[PDB]
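Have a look at the structure below, then the notes.
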Amino acid sequence: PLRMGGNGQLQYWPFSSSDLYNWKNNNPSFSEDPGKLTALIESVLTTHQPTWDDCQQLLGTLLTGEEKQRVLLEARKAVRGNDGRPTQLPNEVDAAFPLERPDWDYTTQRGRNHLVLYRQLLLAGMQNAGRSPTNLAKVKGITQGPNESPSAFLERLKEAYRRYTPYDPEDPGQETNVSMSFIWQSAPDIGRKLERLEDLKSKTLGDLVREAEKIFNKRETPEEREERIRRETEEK
Amino acid sequence: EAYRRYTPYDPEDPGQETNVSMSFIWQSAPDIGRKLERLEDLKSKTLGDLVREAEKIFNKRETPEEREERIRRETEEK
Amino acid sequence: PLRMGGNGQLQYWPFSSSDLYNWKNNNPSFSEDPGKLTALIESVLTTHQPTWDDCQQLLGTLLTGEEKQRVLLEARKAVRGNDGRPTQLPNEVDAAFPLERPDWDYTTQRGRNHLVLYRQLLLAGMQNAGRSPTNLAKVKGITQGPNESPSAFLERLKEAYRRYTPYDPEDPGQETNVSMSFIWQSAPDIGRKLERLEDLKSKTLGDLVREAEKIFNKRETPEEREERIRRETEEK
Amino acid sequence: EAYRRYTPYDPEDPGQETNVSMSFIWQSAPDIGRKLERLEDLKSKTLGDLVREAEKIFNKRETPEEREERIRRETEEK
Amino acid sequence: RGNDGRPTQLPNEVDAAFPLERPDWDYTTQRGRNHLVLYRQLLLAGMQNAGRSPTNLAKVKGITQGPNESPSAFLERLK
C-alpha cells in the first residue's frame with residue numbers, strides 16, 4: 001500500500017496478511033459471484049493505492065490460478081493506444097499492463113501515472129473476466145420470489161441480462177424486451193394483472209414496477225388472511 | 001401475428017427487433033433455442049440472421065428414416 | 001521489513017507474527033505444493049523488503065527444517081560469478097548467499113545491493129527446490145477430470161511441468177509440447193475434437209483452451225439428458 | 001476406370017463432370033454420400049470439391065481404438 | 001510468375017511457362033533448356049502446394065511400439 005505521508009511524500013507498507021485473508025474469507029470466490037470480489041478490489045485499489053507488487057498479492061490471494069489468468073488476459077485486452085482504440089501491439093500492451101515486474105517508481109509522476117493506468121486496467125480486466133458468455137436460459141430463469149419486491153426482482157433480472165446476454169438492460173432500445181421478461185416472470189398474480197393494464201404499450205419499465213408494487217403492496221397479510229378464515233363461519 | 005394482435009408493439013419496427021428476437025430464441029424448439037443462444041456475437045444477429053441460423057439446425061432435422069437406420073445399425077444390444 | 005520513510009530514509013520494523021502465521025496457515029506446506037509458498041514469498045520479498053534476518057524468519061516459519069535446507073543449498077547453487085556462470089568457490093558462494101548473519105548495512109548502496117541479490121537467490125532456491133527430480137510420468141498422469149474445466153486442467157498440467165520437469169511451460173519454445181500434452185490428456189470427447197481442428201498447427205495454447213471450452217460448455221446438462229431420455233419414447 | 005472401360009464417355013471431359021459427380025455421390029460409402037448430398041450449394045461443387053468434402057468425412061473415420069475406448073468409458077450398462 | 005516476379009493468370013504467360021499440351025521445346029537449345037528448367041521448378045511447386053495433407057493427431061498418437069519392434073524402427077514409424 002501507499003499513502004501520502006505527513007511530509008508530503010508517498011510512504012509504502014506491505015499489506016497485512018490479515019487483511020488479505022479476511023477479504024478472501026468474507027467473500028464468495030470470483031467464479032461463484034464475480035461482483036463481490038470485483039467491488040472489494042475496486043475499493044482497495046483506491047484506498048490502499050497498491051503498487052504493481054501489491055496488486056500481484058491481491059490477485060494471487062483472492063483469485064485461483066485460472067481466475068487470475070482470465071483477469072490478466074482481459075486486462076491486457078483492455079489496453080488502448082494513444083488513438084483511444086484497442087491495440088494488440090506487444091510493446092504497447094506490455095507497457096500498460098506488464099506481466100513481469102516493471103521499473104515504475106512511485107516517487108515519479110511517470111511511475112504514478114503508470115500505476116493509475118495499471119489499476120484501471122486491472123479493474124477492467126476483472127469486470128470483463130466476469131461474463132458468463134451468452135445463455136438466454138439464465139435470463140428466463142429469473143423468477144420473482146413469493147416474498148420478493150418487484151424492484152428487487154427487476155434488479156436481479158437486469159443482472160442476468162448483464163451477465164448472460166450482450167444486451168444492456170438500461171438501453172432505451174431494450175426497454176420493451178426487459179418489460180416483457182418482467183411481466184412474464186413476475187409472480188403469477190402480478191404478471192396476470194400487468195398483462196391486463198390499460199394502454200400496456202404505453203407503460204415504461206418504471207410504470208410496470210409501480211403497478212406491480214401496488215399489487216405486491218396489496219400482499220393481504222398472513223395475519224389478515226387467517227383472521228378472515230377464522231371469521232369465515234362457513235364450515236364445510 | 002401474436003405481437004400484432006395482442007400487443008401495441010409492431011413486430012416490424014426497428015426498435016422492436018431485439019424484443020422479437022428474444023421471444024424467437026426463447027420460444028423456438030428447444031434444440032434450436034439452445035444453439036441460437038450459443039451463437040458467437042449473438043448481439044450482432046438480426047432477426048433474419050437468427051431465422052437463417054435456426055433453419056440450419058432445422059434443416060439438420062436428421063430424417064426419421066435416417067435415425068431408424070442408425071438405430072438398426074446400432075448393434076449395441078442392451 | 002524495510003520501507004522508504006517519509007524522510008527519504010529506509011525504516012526497519014520486524015514482521016508481525018500474525019502475518020507470518022497467517023501466511024503459513026493459509027497455504028499448503030512447501031512439500032505438498034511448492035508453488036503456493038514460493039509465490040507468497042516472492043511477493044513478500046518485494047512488498048516487505050526483508051533483511052537477511054527477516055528472510056531467516058520467513059524461511060524458518062514457513063518451511064520445515066528439511067525444506068529450508070533444500071532451499072538454502074539450492075540458493076547457493078544458483079550463485080553466479082562475475083562471468084555469469086555457476087561457481088562453487090566458497091568465498092563467492094558465501095558472499096552472495098551467507099548461511100550466517102552478514103554485516104550488510106541497508107543504509108548503504110553496498111548493503112542494499114547484497115540484499116537485492118540475496119532475495120533473488122532465495123527465490124531461485126525455492127523455485128529449484130520445488131523441482132521434484134525429473135519424473136515425466138507425473139506430467140503424463142495429469143488427466144482432465146469429468147467436471148474439470150479446460151483452463152483448470154491446463155493449470156494443473158503446467159504445475160506438473162514446473163514441478164517434475166526442467167521445462168518452463170510458459171516458454172514460447174515449449175508451447176507445442178504443452179499443447180500436445182493438453183490435447184492428449186484432455187477428456188476424451190474434447191481431445192478427439194481438438195485433434196480434428198482445422199489448421200491445428202496454427203492453434204496457440206490459448207486457442208486450444210478456447211476450443212476445448214466450447215466443447216466443455218456444450219456439457220449437455222444432466223437434467224437435459226434425462227429429459228431427452230424421458231421423451232425418448234423408443235422403448236427397447 | 002469403369003467409365004473408361006465400360007462406357008463411351010470420358011470421365012475427364014468437362015461435359016461429364018456432373019455425371020461422374022452424381023455417380024460419386026450415389027456410390028460413396030453411405031455416411032459420406034448422405035453428407036455430400038446435404039452440402040450447401042451442391043450444384044457449385046466440382047468433382048475435386050466433392051473428393052475433398054468426402055475426405056473430411058473419411059478422415060473423421062473415428063479410429064477403432066477410439067470407438068472401443070468410448071464404449072469402455074460408456075458406463076451405461078444395459 | 002510474370003517478369004515482375006508476381007503471380008499472373010494471363011493465359012499466354014501461364015501457357016508459355018507450364019503448357020498443358022506438348023510444347024516445341026528443343027533441349028539442344030538454351031531456350032529449350034531454360035523452359036525445361038522452369039517447367040520442372042513449377043512442377044515441383046505444384047506438388048508442394050497440392051500436397052497440404054489433412055491433419056489428424058489421432059494418427060500420431062496411434063503409433064505404438066510393437067513387442068518385437070526395435071526403438072529405432074518405432075521412431076521411424078512415429079516420424
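Chains: A, B, ... in order of the C-alpha cells. Residues: from 1 per chain. Ligands: from 1, in order shown.
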
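Residues in contact with residue 39 in chain E at 12 Å, where only C-alpha atoms are counted and same-chain residues fewer than 3 positions away are skipped, are listed as residues 1, 14, 15, 16, 17, 18, 19, 20, 23, 25, 32, 33, 34, 35, 36, 42, 43, 44, 45 and 46 of chain E.
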
Compute the chain D side of the contact with chain E at 9 Å, counting only C-alpha atoms, and hand it back as number ranges by chain.
D: 55-56, 59-60, 63, 65-66

May I have chain D as a tab-separated table (two decimals) with N, CA, C and O atoms, in the first residue's frame, after a least-squares superposition on chain B that uses all C-alpha atoms paired in order?
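Saved as selection_34.tsv:
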```
chain	number	residue	atom	x	y	z
D	1	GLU	N	-47.58	-12.44	-35.74
D	1	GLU	CA	-49.03	-12.27	-35.73
D	1	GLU	C	-49.55	-12.08	-34.31
D	1	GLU	O	-50.47	-11.28	-34.08
D	2	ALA	N	-48.97	-12.78	-33.34
D	2	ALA	CA	-49.40	-12.61	-31.96
D	2	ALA	C	-49.03	-11.24	-31.41
D	2	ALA	O	-49.83	-10.62	-30.69
D	3	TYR	N	-47.82	-10.77	-31.70
D	3	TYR	CA	-47.46	-9.39	-31.37
D	3	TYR	C	-48.47	-8.40	-31.93
D	3	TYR	O	-48.91	-7.48	-31.23
D	4	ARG	N	-48.83	-8.55	-33.21
D	4	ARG	CA	-49.78	-7.62	-33.83
D	4	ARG	C	-51.13	-7.67	-33.12
D	4	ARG	O	-51.73	-6.63	-32.82
D	5	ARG	N	-51.63	-8.88	-32.85
D	5	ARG	CA	-53.00	-8.99	-32.37
D	5	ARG	C	-53.11	-8.63	-30.90
D	5	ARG	O	-54.09	-7.99	-30.49
D	6	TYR	N	-52.11	-8.99	-30.10
D	6	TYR	CA	-52.22	-8.97	-28.65
D	6	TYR	C	-51.27	-8.02	-27.95
D	6	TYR	O	-51.20	-8.06	-26.71
D	7	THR	N	-50.53	-7.20	-28.67
D	7	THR	CA	-49.74	-6.14	-28.05
D	7	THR	C	-49.92	-4.87	-28.86
D	7	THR	O	-50.37	-4.91	-30.01
D	8	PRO	N	-49.55	-3.71	-28.29
D	8	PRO	CA	-49.45	-2.49	-29.09
D	8	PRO	C	-48.15	-2.34	-29.87
D	8	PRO	O	-47.95	-1.30	-30.50
D	9	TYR	N	-47.26	-3.33	-29.84
D	9	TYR	CA	-45.97	-3.20	-30.50
D	9	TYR	C	-46.01	-3.80	-31.90
D	9	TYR	O	-46.54	-4.90	-32.09
D	10	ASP	N	-45.47	-3.06	-32.86
D	10	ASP	CA	-45.34	-3.54	-34.24
D	10	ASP	C	-44.09	-4.39	-34.34
D	10	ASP	O	-42.98	-3.87	-34.21
D	11	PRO	N	-44.21	-5.70	-34.57
D	11	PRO	CA	-43.00	-6.55	-34.62
D	11	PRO	C	-42.08	-6.21	-35.78
D	11	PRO	O	-40.95	-6.72	-35.81
D	12	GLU	N	-42.51	-5.38	-36.73
D	12	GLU	CA	-41.64	-4.98	-37.83
D	12	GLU	C	-40.87	-3.69	-37.54
D	12	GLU	O	-40.01	-3.32	-38.34
D	13	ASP	N	-41.14	-3.03	-36.41
D	13	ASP	CA	-40.42	-1.80	-36.08
D	13	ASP	C	-38.96	-2.11	-35.77
D	13	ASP	O	-38.67	-3.09	-35.08
D	14	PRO	N	-38.03	-1.27	-36.23
D	14	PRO	CA	-36.62	-1.49	-35.88
D	14	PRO	C	-36.37	-1.49	-34.39
D	14	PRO	O	-35.52	-2.25	-33.90
D	15	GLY	N	-37.11	-0.68	-33.63
D	15	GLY	CA	-36.98	-0.66	-32.19
D	15	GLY	C	-37.52	-1.88	-31.48
D	15	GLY	O	-37.29	-2.01	-30.27
D	16	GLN	N	-38.23	-2.77	-32.17
D	16	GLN	CA	-38.75	-3.98	-31.55
D	16	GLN	C	-37.91	-5.21	-31.87
D	16	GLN	O	-38.23	-6.30	-31.39
D	17	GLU	N	-36.84	-5.05	-32.65
D	17	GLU	CA	-36.13	-6.21	-33.19
D	17	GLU	C	-35.56	-7.09	-32.09
D	17	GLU	O	-35.73	-8.31	-32.11
D	18	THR	N	-34.86	-6.49	-31.12
D	18	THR	CA	-34.29	-7.30	-30.05
D	18	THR	C	-35.39	-7.97	-29.24
D	18	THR	O	-35.24	-9.11	-28.79
D	19	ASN	N	-36.52	-7.28	-29.07
D	19	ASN	CA	-37.64	-7.85	-28.34
D	19	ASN	C	-38.20	-9.08	-29.05
D	19	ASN	O	-38.40	-10.13	-28.44
D	20	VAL	N	-38.46	-8.96	-30.35
D	20	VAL	CA	-38.94	-10.11	-31.11
D	20	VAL	C	-37.86	-11.19	-31.17
D	20	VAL	O	-38.15	-12.38	-31.05
D	21	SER	N	-36.60	-10.77	-31.32
D	21	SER	CA	-35.51	-11.74	-31.35
D	21	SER	C	-35.47	-12.56	-30.07
D	21	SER	O	-35.25	-13.78	-30.12
D	22	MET	N	-35.66	-11.93	-28.92
D	22	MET	CA	-35.58	-12.67	-27.67
D	22	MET	C	-36.73	-13.65	-27.54
D	22	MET	O	-36.53	-14.78	-27.09
D	23	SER	N	-37.94	-13.24	-27.92
D	23	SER	CA	-39.05	-14.19	-27.94
D	23	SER	C	-38.78	-15.32	-28.91
D	23	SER	O	-39.10	-16.48	-28.63
D	24	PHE	N	-38.23	-15.00	-30.09
D	24	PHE	CA	-37.93	-16.02	-31.08
D	24	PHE	C	-36.96	-17.05	-30.52
D	24	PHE	O	-37.17	-18.27	-30.63
D	25	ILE	N	-35.88	-16.58	-29.88
D	25	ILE	CA	-34.91	-17.51	-29.30
D	25	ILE	C	-35.54	-18.32	-28.18
D	25	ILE	O	-35.38	-19.55	-28.10
D	26	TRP	N	-36.25	-17.64	-27.27
D	26	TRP	CA	-36.78	-18.33	-26.10
D	26	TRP	C	-37.84	-19.36	-26.48
D	26	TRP	O	-37.96	-20.40	-25.82
D	27	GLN	N	-38.62	-19.09	-27.51
D	27	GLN	CA	-39.79	-19.91	-27.80
D	27	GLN	C	-39.59	-20.83	-29.01
D	27	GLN	O	-40.51	-21.57	-29.36
D	28	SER	N	-38.41	-20.80	-29.63
D	28	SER	CA	-38.05	-21.80	-30.62
D	28	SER	C	-38.04	-23.19	-29.99
D	28	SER	O	-38.00	-23.35	-28.76
D	29	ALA	N	-38.06	-24.21	-30.84
D	29	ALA	CA	-37.93	-25.57	-30.35
D	29	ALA	C	-36.64	-25.69	-29.54
D	29	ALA	O	-35.65	-25.03	-29.86
D	30	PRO	N	-36.62	-26.52	-28.49
D	30	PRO	CA	-35.51	-26.46	-27.52
D	30	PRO	C	-34.12	-26.64	-28.13
D	30	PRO	O	-33.20	-25.91	-27.76
D	31	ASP	N	-33.95	-27.60	-29.04
D	31	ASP	CA	-32.64	-27.77	-29.67
D	31	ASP	C	-32.21	-26.50	-30.39
D	31	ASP	O	-31.05	-26.07	-30.28
D	32	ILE	N	-33.13	-25.87	-31.10
D	32	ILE	CA	-32.81	-24.66	-31.85
D	32	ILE	C	-32.49	-23.52	-30.89
D	32	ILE	O	-31.49	-22.81	-31.06
D	33	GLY	N	-33.34	-23.32	-29.88
D	33	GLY	CA	-33.14	-22.21	-28.96
D	33	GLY	C	-31.81	-22.30	-28.24
D	33	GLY	O	-31.10	-21.30	-28.10
D	34	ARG	N	-31.43	-23.51	-27.81
D	34	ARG	CA	-30.15	-23.68	-27.14
D	34	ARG	C	-28.98	-23.32	-28.06
D	34	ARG	O	-27.99	-22.74	-27.61
D	35	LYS	N	-29.10	-23.63	-29.35
D	35	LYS	CA	-27.99	-23.31	-30.25
D	35	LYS	C	-27.96	-21.82	-30.60
D	35	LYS	O	-26.88	-21.22	-30.68
D	36	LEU	N	-29.13	-21.21	-30.81
D	36	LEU	CA	-29.17	-19.77	-31.09
D	36	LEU	C	-28.60	-18.98	-29.93
D	36	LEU	O	-27.90	-17.98	-30.13
D	37	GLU	N	-28.92	-19.41	-28.71
D	37	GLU	CA	-28.39	-18.76	-27.51
D	37	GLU	C	-26.87	-18.81	-27.47
D	37	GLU	O	-26.24	-17.89	-26.94
D	38	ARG	N	-26.26	-19.87	-28.02
D	38	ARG	CA	-24.81	-20.04	-28.01
D	38	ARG	C	-24.10	-19.40	-29.20
D	38	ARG	O	-22.88	-19.53	-29.30
D	39	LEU	N	-24.82	-18.73	-30.10
D	39	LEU	CA	-24.18	-18.15	-31.28
D	39	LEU	C	-23.12	-17.14	-30.87
D	39	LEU	O	-23.30	-16.37	-29.93
D	40	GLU	N	-21.99	-17.15	-31.59
D	40	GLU	CA	-20.98	-16.14	-31.38
D	40	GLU	C	-21.48	-14.80	-31.91
D	40	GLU	O	-22.17	-14.74	-32.92
D	41	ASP	N	-21.11	-13.73	-31.20
D	41	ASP	CA	-21.62	-12.38	-31.46
D	41	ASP	C	-23.14	-12.38	-31.63
D	41	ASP	O	-23.68	-11.91	-32.63
D	42	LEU	N	-23.82	-12.93	-30.62
D	42	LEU	CA	-25.28	-13.00	-30.66
D	42	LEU	C	-25.91	-11.62	-30.77
D	42	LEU	O	-26.87	-11.43	-31.52
D	43	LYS	N	-25.37	-10.64	-30.04
D	43	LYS	CA	-25.89	-9.28	-30.08
D	43	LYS	C	-25.95	-8.73	-31.51
D	43	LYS	O	-26.80	-7.89	-31.81
D	44	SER	N	-25.07	-9.22	-32.39
D	44	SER	CA	-24.96	-8.72	-33.75
D	44	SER	C	-25.94	-9.37	-34.72
D	44	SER	O	-26.00	-8.95	-35.87
D	45	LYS	N	-26.69	-10.37	-34.28
D	45	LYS	CA	-27.55	-11.12	-35.18
D	45	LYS	C	-28.87	-10.38	-35.37
D	45	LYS	O	-29.54	-10.03	-34.39
D	46	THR	N	-29.23	-10.13	-36.62
D	46	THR	CA	-30.57	-9.63	-36.90
D	46	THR	C	-31.59	-10.76	-36.77
D	46	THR	O	-31.25	-11.94	-36.70
D	47	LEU	N	-32.86	-10.36	-36.76
D	47	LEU	CA	-33.94	-11.34	-36.82
D	47	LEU	C	-33.78	-12.26	-38.02
D	47	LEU	O	-33.95	-13.48	-37.92
D	48	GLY	N	-33.43	-11.69	-39.18
D	48	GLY	CA	-33.15	-12.51	-40.35
D	48	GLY	C	-31.99	-13.46	-40.15
D	48	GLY	O	-32.03	-14.61	-40.59
D	49	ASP	N	-30.93	-13.00	-39.49
D	49	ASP	CA	-29.81	-13.88	-39.18
D	49	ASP	C	-30.26	-15.05	-38.31
D	49	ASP	O	-29.91	-16.21	-38.57
D	50	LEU	N	-31.02	-14.75	-37.26
D	50	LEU	CA	-31.48	-15.79	-36.35
D	50	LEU	C	-32.33	-16.82	-37.08
D	50	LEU	O	-32.20	-18.02	-36.82
D	51	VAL	N	-33.21	-16.37	-37.98
D	51	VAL	CA	-34.02	-17.31	-38.74
D	51	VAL	C	-33.13	-18.22	-39.59
D	51	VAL	O	-33.34	-19.43	-39.65
D	52	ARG	N	-32.11	-17.65	-40.23
D	52	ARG	CA	-31.22	-18.46	-41.05
D	52	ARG	C	-30.44	-19.46	-40.21
D	52	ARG	O	-30.27	-20.62	-40.61
D	53	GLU	N	-29.98	-19.05	-39.02
D	53	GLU	CA	-29.28	-19.98	-38.14
D	53	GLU	C	-30.20	-21.08	-37.65
D	53	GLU	O	-29.79	-22.24	-37.53
D	54	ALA	N	-31.45	-20.74	-37.33
D	54	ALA	CA	-32.41	-21.75	-36.89
D	54	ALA	C	-32.71	-22.72	-38.02
D	54	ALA	O	-32.89	-23.92	-37.80
D	55	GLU	N	-32.76	-22.21	-39.25
D	55	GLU	CA	-33.02	-23.08	-40.40
D	55	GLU	C	-31.90	-24.09	-40.59
D	55	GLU	O	-32.16	-25.24	-40.95
D	56	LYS	N	-30.65	-23.68	-40.34
D	56	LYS	CA	-29.54	-24.62	-40.45
D	56	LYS	C	-29.73	-25.80	-39.50
D	56	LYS	O	-29.51	-26.95	-39.88
D	57	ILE	N	-30.14	-25.52	-38.27
D	57	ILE	CA	-30.43	-26.58	-37.30
D	57	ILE	C	-31.65	-27.38	-37.73
D	57	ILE	O	-31.65	-28.62	-37.67
D	58	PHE	N	-32.71	-26.70	-38.16
D	58	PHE	CA	-33.95	-27.38	-38.50
D	58	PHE	C	-33.77	-28.32	-39.69
D	58	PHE	O	-34.29	-29.44	-39.68
D	59	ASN	N	-33.06	-27.76	-40.68
D	59	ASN	CA	-32.65	-28.37	-41.97
D	59	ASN	C	-31.67	-29.51	-41.70
D	59	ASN	O	-31.33	-30.24	-42.64
D	60	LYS	N	-31.24	-29.62	-40.44
D	60	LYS	CA	-30.37	-30.74	-39.96
D	60	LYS	C	-31.27	-31.69	-39.17
D	60	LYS	O	-30.77	-32.39	-38.27
D	61	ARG	N	-32.57	-31.68	-39.50
D	61	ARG	CA	-33.68	-32.43	-38.83
D	61	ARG	C	-33.36	-33.90	-38.56
D	61	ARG	O	-34.09	-34.50	-37.74
D	62	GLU	N	-32.35	-34.47	-39.23
D	62	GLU	CA	-31.97	-35.90	-39.03
D	62	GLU	C	-33.16	-36.84	-39.29
D	62	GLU	O	-33.61	-37.51	-38.34
D	63	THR	N	-33.64	-36.86	-40.53
D	63	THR	CA	-34.72	-37.69	-41.04
D	63	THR	C	-35.04	-38.87	-40.13
D	63	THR	O	-34.15	-39.49	-39.56
D	64	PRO	N	-36.33	-39.16	-40.02
D	64	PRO	CA	-36.80	-40.27	-39.20
D	64	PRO	C	-36.20	-41.56	-39.74
D	64	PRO	O	-35.70	-42.39	-38.99
D	65	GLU	N	-36.26	-41.73	-41.06
D	65	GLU	CA	-35.71	-42.90	-41.71
D	65	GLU	C	-34.24	-43.03	-41.34
D	65	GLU	O	-33.79	-44.10	-40.95
D	66	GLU	N	-33.49	-41.94	-41.48
D	66	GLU	CA	-32.07	-41.94	-41.15
D	66	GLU	C	-31.84	-42.41	-39.72
D	66	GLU	O	-31.01	-43.28	-39.47
D	67	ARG	N	-32.58	-41.82	-38.79
D	67	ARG	CA	-32.45	-42.18	-37.38
D	67	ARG	C	-32.70	-43.67	-37.16
D	67	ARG	O	-31.95	-44.34	-36.46
D	68	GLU	N	-33.78	-44.16	-37.77
D	68	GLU	CA	-34.15	-45.57	-37.65
D	68	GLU	C	-33.04	-46.46	-38.17
D	68	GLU	O	-32.71	-47.48	-37.56
D	69	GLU	N	-32.48	-46.09	-39.32
D	69	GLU	CA	-31.41	-46.84	-39.94
D	69	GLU	C	-30.23	-46.90	-38.98
D	69	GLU	O	-29.64	-47.96	-38.77
D	70	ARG	N	-29.88	-45.76	-38.41
D	70	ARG	CA	-28.79	-45.68	-37.46
D	70	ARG	C	-29.04	-46.65	-36.31
D	70	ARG	O	-28.16	-47.42	-35.93
D	71	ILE	N	-30.25	-46.60	-35.75
D	71	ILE	CA	-30.62	-47.48	-34.65
D	71	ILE	C	-30.42	-48.94	-35.04
D	71	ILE	O	-29.81	-49.71	-34.29
D	72	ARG	N	-30.93	-49.32	-36.20
D	72	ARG	CA	-30.80	-50.68	-36.69
D	72	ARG	C	-29.34	-51.08	-36.73
D	72	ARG	O	-28.95	-52.13	-36.22
D	73	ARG	N	-28.53	-50.23	-37.35
D	73	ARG	CA	-27.10	-50.47	-37.45
D	73	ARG	C	-26.41	-50.21	-36.11
D	73	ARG	O	-25.19	-50.24	-36.01
D	74	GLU	N	-27.21	-49.95	-35.08
D	74	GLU	CA	-26.68	-49.69	-33.75
D	74	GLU	C	-25.76	-50.81	-33.29
D	74	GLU	O	-24.61	-50.57	-32.92
D	75	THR	N	-26.28	-52.04	-33.32
D	75	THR	CA	-25.53	-53.22	-32.92
D	75	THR	C	-24.84	-53.05	-31.57
D	75	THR	O	-23.65	-53.32	-31.42
D	76	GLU	N	-25.60	-52.59	-30.58
D	76	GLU	CA	-25.06	-52.38	-29.24
D	76	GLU	C	-25.90	-53.10	-28.19
D	76	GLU	O	-25.62	-53.01	-26.99
D	77	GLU	N	-26.92	-53.82	-28.65
D	77	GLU	CA	-27.82	-54.57	-27.78
D	77	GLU	C	-28.34	-53.73	-26.61
D	77	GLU	O	-28.91	-52.66	-26.81
D	78	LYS	N	-28.13	-54.24	-25.39
D	78	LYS	CA	-28.57	-53.54	-24.16
D	78	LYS	C	-27.59	-52.40	-23.84
D	78	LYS	O	-27.54	-52.01	-22.66
```

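Residue nearest residue 143 in chain C, chosen from C:99, C:122, C:180, C:187 and counting only C-alpha atoms: C:187.
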
Could you give me, as a tab-separated table, every chain C residue with an atom at most 10 Å from chain B, plus its closest atom pair and distance in Å to one decimal, counting only C-alpha atoms, rows ordered by chain then number?
```
residue	atom	partner	partner_atom	distance
C:214	CA	B:38	CA	9.4
C:217	CA	B:38	CA	9.5
C:218	CA	B:38	CA	9.1
C:236	CA	B:78	CA	8.4
```

Give me, as JSON lines, the closest atom pair and its distance (Å, one decimal) for every residue of chain C within a cut-off of 8 Å of chain A, counting only C-alpha atoms, rows sorted by chain and rising number.
```
{"residue": "C:3", "atom": "CA", "partner": "A:12", "partner_atom": "CA", "distance": 6.0}
{"residue": "C:4", "atom": "CA", "partner": "A:11", "partner_atom": "CA", "distance": 6.4}
{"residue": "C:5", "atom": "CA", "partner": "A:11", "partner_atom": "CA", "distance": 6.3}
{"residue": "C:6", "atom": "CA", "partner": "A:5", "partner_atom": "CA", "distance": 5.9}
{"residue": "C:7", "atom": "CA", "partner": "A:7", "partner_atom": "CA", "distance": 7.4}
{"residue": "C:18", "atom": "CA", "partner": "A:18", "partner_atom": "CA", "distance": 7.5}
{"residue": "C:19", "atom": "CA", "partner": "A:17", "partner_atom": "CA", "distance": 5.1}
{"residue": "C:22", "atom": "CA", "partner": "A:17", "partner_atom": "CA", "distance": 6.4}
{"residue": "C:23", "atom": "CA", "partner": "A:17", "partner_atom": "CA", "distance": 6.7}
{"residue": "C:26", "atom": "CA", "partner": "A:21", "partner_atom": "CA", "distance": 7.8}
{"residue": "C:39", "atom": "CA", "partner": "A:60", "partner_atom": "CA", "distance": 8.0}
{"residue": "C:40", "atom": "CA", "partner": "A:57", "partner_atom": "CA", "distance": 7.5}
{"residue": "C:43", "atom": "CA", "partner": "A:57", "partner_atom": "CA", "distance": 6.3}
{"residue": "C:44", "atom": "CA", "partner": "A:14", "partner_atom": "CA", "distance": 7.7}
{"residue": "C:46", "atom": "CA", "partner": "A:53", "partner_atom": "CA", "distance": 6.8}
{"residue": "C:47", "atom": "CA", "partner": "A:14", "partner_atom": "CA", "distance": 5.0}
{"residue": "C:48", "atom": "CA", "partner": "A:14", "partner_atom": "CA", "distance": 5.5}
{"residue": "C:151", "atom": "CA", "partner": "A:66", "partner_atom": "CA", "distance": 6.1}
{"residue": "C:152", "atom": "CA", "partner": "A:66", "partner_atom": "CA", "distance": 5.8}
{"residue": "C:155", "atom": "CA", "partner": "A:66", "partner_atom": "CA", "distance": 6.7}
```

Could you write those residues out with C-alpha atoms, as a PDB file, in the first residue's frame?
```
ATOM      1  CA  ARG C   3      10.160   0.726   3.787  1.00  0.00           C
ATOM      2  CA  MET C   4      11.139   4.155   2.487  1.00  0.00           C
ATOM      3  CA  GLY C   5      10.354   6.558   5.314  1.00  0.00           C
ATOM      4  CA  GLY C   6       8.780   9.987   4.933  1.00  0.00           C
ATOM      5  CA  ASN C   7      12.280  11.432   5.276  1.00  0.00           C
ATOM      6  CA  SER C  18       0.333 -12.670  12.916  1.00  0.00           C
ATOM      7  CA  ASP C  19       1.402 -12.133   9.297  1.00  0.00           C
ATOM      8  CA  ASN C  22      -1.364 -16.308   8.681  1.00  0.00           C
ATOM      9  CA  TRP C  23       0.800 -16.945   5.622  1.00  0.00           C
ATOM     10  CA  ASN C  26      -3.479 -20.200   4.621  1.00  0.00           C
ATOM     11  CA  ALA C  39       4.564 -17.226  -4.927  1.00  0.00           C
ATOM     12  CA  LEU C  40       3.692 -15.847  -1.490  1.00  0.00           C
ATOM     13  CA  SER C  43       5.562 -11.276  -3.289  1.00  0.00           C
ATOM     14  CA  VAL C  44       6.645 -10.590   0.290  1.00  0.00           C
ATOM     15  CA  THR C  46       9.150  -7.319  -2.765  1.00  0.00           C
ATOM     16  CA  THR C  47       6.484  -5.645  -0.645  1.00  0.00           C
ATOM     17  CA  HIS C  48       8.189  -6.188   2.697  1.00  0.00           C
ATOM     18  CA  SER C 151      -8.459 -23.879 -18.087  1.00  0.00           C
ATOM     19  CA  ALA C 152      -8.319 -25.545 -14.666  1.00  0.00           C
ATOM     20  CA  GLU C 155      -3.154 -25.000 -14.915  1.00  0.00           C
TER      21      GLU C 155
END
```

Ordered Cα pairing of chain C with chain A, RMSD after least-squares superposition
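Rounded to one decimal, the C-alpha RMSD is 1.9 Å.
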
Taking into account only C-alpha atoms, which residue in the set C:129, C:200, C:89, C:183 is nearest to residue 144 in chain C?
C:183

What is the CA of residue 130 in chain A-CA of residue 148 in chain C distance in Å, reported with one decimal?
18.6 Å

Given a cut-off of 10 Å, which residues of chain C touch chain E, counting only C-alpha atoms, written out as a PyMOL selection string?
chain C and resi 180+183-184+191-192+194-201

Per-residue DSSP, chain A, filtered to strand (DSSP E), as a list in words:
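Output for chain A, strand (DSSP E) only: residues 2, 3, 4, 10, 11 and 12 of chain A.
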
Could you write those residues out with N, CA and C atoms, as a compact mmCIF listing (two decimals), in the first residue's frame?
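Wrote out_27.txt, looks like this:
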```
# COMPACT_ATOMS: atom_id res chain seq x y z
N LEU A 2 0.27 2.36 -0.51
CA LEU A 2 0.93 3.66 -0.48
C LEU A 2 -0.03 4.65 0.16
N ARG A 3 0.51 5.62 0.88
CA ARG A 3 -0.29 6.71 1.41
C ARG A 3 0.56 7.98 1.43
N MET A 4 -0.09 9.13 1.39
CA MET A 4 0.63 10.39 1.42
C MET A 4 1.09 10.60 2.85
N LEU A 10 4.93 10.13 -0.67
CA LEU A 10 4.29 8.82 -0.59
C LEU A 10 5.10 7.90 0.33
N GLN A 11 4.40 7.03 1.04
CA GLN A 11 5.03 6.14 2.01
C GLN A 11 4.51 4.75 1.69
N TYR A 12 5.40 3.77 1.66
CA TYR A 12 4.98 2.39 1.35
C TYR A 12 4.96 1.46 2.56
```
